[PDB]
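Mapped onto mature numbering (1 follows the signal peptide of the UniProt record, and there is no 0), the consecutive letters of the sequence shown carry residue numbers 1 to 207. Heads up, the beta-carbon is just placed ideally off N, CA and C, and yes, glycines get one too.
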Amino acid sequence: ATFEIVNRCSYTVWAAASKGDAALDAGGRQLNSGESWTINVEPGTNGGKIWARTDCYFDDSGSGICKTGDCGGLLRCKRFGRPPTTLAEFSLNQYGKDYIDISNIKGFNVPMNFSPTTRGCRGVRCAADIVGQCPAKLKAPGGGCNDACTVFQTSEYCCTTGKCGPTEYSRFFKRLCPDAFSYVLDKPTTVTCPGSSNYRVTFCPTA
């Protein structure tokens, strides 16, 4: 599948794409304002994620730090990133269908649009000003708005028992972006698309 990653933000992001134990395509790249990066995602990939990282510094060997979404200090991510990170999530060619979602379960850093470019399903978006409205306890000094699992490390926020309900914190993310996961057992906002669809992820889709 082909994913075109678009940075429409006014600031530079460092895009990332990994399936947790490996990179997708090169794994990461700088995207200045307006740049587009096109990657290929091997068919059948299940549990892939794409995110933005902000405020990064990398040396000439691709080693460094980002303030949000750092993946162990590497430009080219192998693993998932440190919260807060707004996530686009996908599983490809699963019994003939592709599965796509946006999640705030690991917090929010950059607004995002995840839209099929091919025919047969709809996109989803989380575009609100979550960082500006973030409750003070969930604010990340680095930037972003953490999820309450990250911050408070409880069974209820982390949904450790497989039974958990919505919270004052989940409902905050849900009120601002109903079309994204807000906690692990939220009613699904997964979109089912035709198998072997191609995609666009747009950072800061509205500004």
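Mind checking which residues open and close the beta strand (DSSP E) that includes residue 115?
Boundaries of the beta strand (DSSP E) around residue 115: 112-116.
Rounding to the nearest angstrom, what Cα-Cα distance links residue 159 and residue 86 in this structure?
In this structure, the straight-line span from the alpha carbon of residue 159 to that of residue 86 is close to 19 angstroms.
Nearest to residue 116 by CA position, among 23, 195 and 156, is which residue?
195
Tell me the DSSP bridge mates of residue 57?
65
Quick one: what does DSSP say residue 164 is sitting in, helix, strand or coil?
In this structure, residue 164 counts as coil in the three-state DSSP scheme.
Whole angstroms is fine: what's the gap from residue 90's alpha carbon to residue 59's?
31 angstroms
Based on the DSSP secondary-structure assignment, which residues constitute the bridge partners of residue 98?
According to DSSP, residue 98 bridges with 193.
Would you call the CB atoms of residue 205 and residue 83 closer than 8 angstroms?
no
Please classify residue 137 as buried or exposed, where buried requires at least 16 neighbouring CB atoms within 10 angstroms.
With fewer than 16 other Cβ atoms within 10 Å, it is exposed.
Three or more C-beta pairs below 8 angstroms linking the stretch 182-193 and the stretch 37-53
no
Residue 152 - containing beta strand (DSSP E), residue span
Counting along the chain, residue 152 sits inside no beta strand (DSSP E); it lies in the alpha helix (DSSP H) bounded by residues 148-152.
Using only CA atoms, which one of 107, 118, 12 and 150 lies nearest to residue 129?
Cα-wise, what sits closest to residue 129 is 107.
Opposite residue 16 in the DSSP bridges: which residues?
28 and 51
Pair within 8 angstroms by beta-carbon distance, residue 150 and residue 6:
no
With DSSP run on the structure shown, which of helix, strand or coil describes residue 74?
strand
Integer Cβ distance of residue 132 from residue 67, believed to fall under 8 angstroms:
Not really, about 17 angstroms apart at Cβ, beyond 8 angstroms.
What does the alpha-carbon distance come out to for the pair residue 48 and residue 147?
20 angstroms
Need the endpoints of the beta strand (DSSP E) that residue 126 sits in, please.
124-126
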